[PDB]
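Below you'll find the structure, written out as structure tokens, and then a few comments.
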Amino acid sequence: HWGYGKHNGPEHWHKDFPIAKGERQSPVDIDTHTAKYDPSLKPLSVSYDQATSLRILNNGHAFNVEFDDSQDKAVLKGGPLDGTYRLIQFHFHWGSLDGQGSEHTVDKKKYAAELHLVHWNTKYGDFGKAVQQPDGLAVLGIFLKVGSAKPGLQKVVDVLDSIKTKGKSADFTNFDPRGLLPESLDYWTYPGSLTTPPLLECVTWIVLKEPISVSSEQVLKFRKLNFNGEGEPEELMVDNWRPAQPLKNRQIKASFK
Ligand SMILES: [Zn+2]
């Protein structure tokens with residue numbers, strides 16, 4: 001089965017998933033001097049005030065915070081999107097050291113971690129159908145740098161002990177994802193794919209320019225999770241990031257000059 005190890009890592013995924021070497025794969029390096037400022041791009045519209053979080057799950061490849069997506073409660077609208085996208089889950093990718101961990105890079109610079117808030121397009125009625133369409137998903141990417149602590153992330157960090165191994169889940173109600181956003185909503189946008197198996201090319205990527213700060217202690221807690229199940233040899237959940245993929249015939253547009 002696929003993973004991030006020496007024998008089942010990113011460079012092996014193409015054997016089981018032939019879309020790994022596709023025309024619009026993610027992540028990519030964001031060349032800030034080559035990105036095209038587009039004045040037709042509208043501001044992002046994030047409406048998370050009615051968000052309803054339910055559970056936190058260790059799925060073996062990261063931890064996911066899941067949300068009730070049965071109604072328009074937490075939606076992403078605006079920017080380069082047409083229609084309403086509902087929040088279904090968020091997760092992180094992080095490193096073994098502070099100098100790596102993000103999937104995206106900015107002028108080849110790696111950040112300590114990257115947060116992905118995953119949304120699906122409501123005209124296709126369920127997440128399962130949205131992943132089979134080219135405009136099916138909208139993912140909000142936010143870079144994490146080590147420096148001051150993020151008060152709004154501690155609730156997530158404190159529960160990691162309860163979901164140490166693959167398959168473990170815990171009740172996680174009343175979590176507000178508005179505590180993880182940066183001050184500015186300026187962003188880069190490009191058409192891409194999921195950064196993990198089945199690597200479907202159904203994502204409009206929205207990467208924020210401003211990163212958020214987390215403490216060494218906070219990111220250290222992420223590094224104590226396990227890829228393995230309970231009663232199995234301990235393999236620390238670290239370096240769960242896919243390296244940059246070629247841009248090919250794609251243009252990165254920026255919302256700011
Ligand atoms: Zn991700």
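If you're wondering about the labels, chains in the structure tokens are A, B, ... by order shown, residues count from 1 in each chain, ligands from 1 in order shown.
Based on only C-alpha atoms and all ligand atoms, the protein and nucleic acid residues found within 8 Å of ligand 1 are, by chain and then by number, residues 90, 91, 92, 93, 114, 115, 116, 194, 195 and 196 of chain A.
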Segment 205-252 of chain A near segment 26-49 of chain A within 6 Å: what's each residue's closest atom pair and its distance in Å to one decimal, counting only C-alpha atoms, ordered by chain then ascending residue number, as CSV?
```
residue,atom,partner,partner_atom,distance
A:244,CA,A:28,CA,4.5
A:245,CA,A:28,CA,5.2
A:252,CA,A:35,CA,5.1
```
What are the nearest atom pairs, with distances in Å to one decimal, for all residues of segment 92-133 of chain A that come at most 10 Å from segment 142-153 of chain A, using only C-alpha atoms, set out by chain and rising residue number as a tab-separated table?
```
residue	atom	partner	partner_atom	distance
A:92	CA	A:142	CA	9.4
A:93	CA	A:143	CA	9.8
A:94	CA	A:144	CA	9.0
A:98	CA	A:146	CA	7.1
A:99	CA	A:145	CA	9.3
A:101	CA	A:144	CA	9.1
A:102	CA	A:143	CA	6.9
A:103	CA	A:143	CA	9.1
A:104	CA	A:143	CA	8.3
A:105	CA	A:143	CA	9.1
A:106	CA	A:143	CA	9.9
A:110	CA	A:143	CA	9.0
A:111	CA	A:145	CA	5.8
A:112	CA	A:145	CA	5.6
A:113	CA	A:144	CA	4.9
A:114	CA	A:143	CA	4.6
A:115	CA	A:142	CA	5.1
A:116	CA	A:142	CA	6.8
A:117	CA	A:142	CA	8.6
```
Inset, instruction - State, in Å with one decimal place, the distance from atom CA of residue 251 of chain A to atom CA of residue 198 of chain A. - result: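 According to the coordinates, atom CA of residue 251 of chain A and atom CA of residue 198 of chain A are separated by 23.7 Å.
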Inset, instruction - Quick one: everything within 8 Å of residue 139 of chain A, counting only C-alpha atoms, minus sequence neighbours fewer than 6 positions away in the same chain. Send it as a PyMOL selection string. - result: chain A and resi 116-119+203-206
Inset, instruction - Could you pull out the residues in segment 3-237 of chain A that DSSP calls alpha helix (DSSP H) from the backbone, as a PyMOL selection string? - result: chain A and resi 13-16+127-130+154-159+216-222
Legend entry - Distance of atom CA of residue 236 of chain A from atom CA of residue 155 of chain A, expressed in Å to one decimal place: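 Value for the atom CA of residue 155 of chain A-atom CA of residue 236 of chain A distance: 21.5 Å.
If you measure from each of A:220, A:247, A:156, A:130 to residue 180 of chain A using only C-alpha atoms, the closest one turns out to be A:156.
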Please, which residues in segment 95-138 of chain A fall within 10 Å of segment 221-230 of chain A when counting only C-alpha atoms, and what is the closest atom pair and distance in Å to one decimal for each, ordered by chain then residue number, as a tab-separated table?
```
residue	atom	partner	partner_atom	distance
A:95	CA	A:223	CA	7.9
A:96	CA	A:223	CA	6.9
A:97	CA	A:223	CA	9.4
A:113	CA	A:222	CA	9.9
```
Could you pull the residues within 10 Å of residue 21 of chain A, counting only C-alpha atoms, minus those fewer than 4 positions along the same chain, as a compact mmCIF listing (two decimals) with C-alpha atoms, in the first residue's frame?
```txt
# COMPACT_ATOMS: atom_id res chain seq x y z
CA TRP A 13 2.88 6.10 -6.65
CA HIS A 14 2.79 6.12 -10.53
CA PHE A 17 -1.89 5.46 -9.95
CA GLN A 25 -0.49 17.36 -10.86
CA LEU A 199 -4.40 11.99 -7.24
CA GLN A 245 5.56 18.47 -9.64
CA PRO A 246 6.30 20.14 -13.05
```
Inset, instruction - Going by DSSP on the backbone, which bits of segment 52-211 of chain A are strand (DSSP E)? Write them as a PyMOL selection string, please. - result: chain A and resi 53-58+63-67+75-78+85-94+105-106+113-121+137-146+169-171+187-192+203-208
Using only C-alpha atoms, I'd like a table of the residues in segment 6-66 of chain A that come within 9 Å of segment 158-173 of chain A; for each, show the closest atom pair and its distance in Å rounded to one decimal, ordered by chain and ascending number, as CSV.
```
residue,atom,partner,partner_atom,distance
A:52,CA,A:173,CA,7.0
A:53,CA,A:173,CA,5.1
A:54,CA,A:173,CA,5.0
A:55,CA,A:172,CA,4.5
A:56,CA,A:170,CA,5.5
A:57,CA,A:169,CA,4.3
A:58,CA,A:166,CA,5.1
A:59,CA,A:166,CA,5.3
A:60,CA,A:166,CA,4.5
A:61,CA,A:166,CA,8.2
A:62,CA,A:166,CA,9.0
A:63,CA,A:163,CA,8.3
A:65,CA,A:172,CA,7.6
A:66,CA,A:172,CA,8.5
```
How would the residues just picked look written out with N, CA and C atoms as an mmCIF file, in the first residue's frame?
```cif
data_model
loop_
_atom_site.group_PDB
_atom_site.id
_atom_site.type_symbol
_atom_site.label_atom_id
_atom_site.label_comp_id
_atom_site.auth_asym_id
_atom_site.auth_seq_id
_atom_site.Cartn_x
_atom_site.Cartn_y
_atom_site.Cartn_z
ATOM 1 N N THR A 52 -19.824 23.222 11.757
ATOM 2 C CA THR A 52 -20.139 22.180 12.756
ATOM 3 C C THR A 52 -19.108 21.062 12.608
ATOM 4 N N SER A 53 -18.083 21.022 13.456
ATOM 5 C CA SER A 53 -17.047 19.971 13.431
ATOM 6 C C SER A 53 -17.639 18.771 14.176
ATOM 7 N N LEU A 54 -17.279 17.558 13.788
ATOM 8 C CA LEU A 54 -17.810 16.321 14.399
ATOM 9 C C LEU A 54 -16.733 15.427 15.015
ATOM 10 N N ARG A 55 -15.667 15.124 14.278
ATOM 11 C CA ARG A 55 -14.683 14.102 14.666
ATOM 12 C C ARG A 55 -13.278 14.466 14.199
ATOM 13 N N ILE A 56 -12.273 13.861 14.816
ATOM 14 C CA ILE A 56 -10.850 13.969 14.401
ATOM 15 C C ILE A 56 -10.390 12.522 14.214
ATOM 16 N N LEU A 57 -9.802 12.175 13.070
ATOM 17 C CA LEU A 57 -9.466 10.770 12.754
ATOM 18 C C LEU A 57 -8.015 10.635 12.286
ATOM 19 N N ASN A 58 -7.294 9.619 12.750
ATOM 20 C CA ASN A 58 -5.939 9.295 12.256
ATOM 21 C C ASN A 58 -6.189 8.272 11.145
ATOM 22 N N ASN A 59 -6.002 8.626 9.874
ATOM 23 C CA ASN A 59 -6.307 7.706 8.750
ATOM 24 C C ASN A 59 -5.051 6.975 8.271
ATOM 25 N N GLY A 60 -3.902 7.158 8.921
ATOM 26 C CA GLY A 60 -2.658 6.468 8.550
ATOM 27 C C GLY A 60 -1.725 7.300 7.687
ATOM 28 N N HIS A 61 -2.269 8.334 7.023
ATOM 29 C CA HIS A 61 -1.479 9.211 6.127
ATOM 30 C C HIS A 61 -1.507 10.692 6.644
ATOM 31 N N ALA A 62 -2.380 11.087 7.622
ATOM 32 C CA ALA A 62 -2.491 12.381 8.328
ATOM 33 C C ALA A 62 -3.639 12.289 9.337
ATOM 34 N N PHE A 63 -3.973 13.383 10.012
ATOM 35 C CA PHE A 63 -5.185 13.412 10.856
ATOM 36 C C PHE A 63 -6.171 14.375 10.188
ATOM 37 N N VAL A 65 -9.851 16.645 10.492
ATOM 38 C CA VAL A 65 -10.946 17.177 11.339
ATOM 39 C C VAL A 65 -12.149 17.191 10.390
ATOM 40 N N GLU A 66 -13.201 16.421 10.650
ATOM 41 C CA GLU A 66 -14.356 16.306 9.737
ATOM 42 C C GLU A 66 -15.479 17.246 10.170
#
```
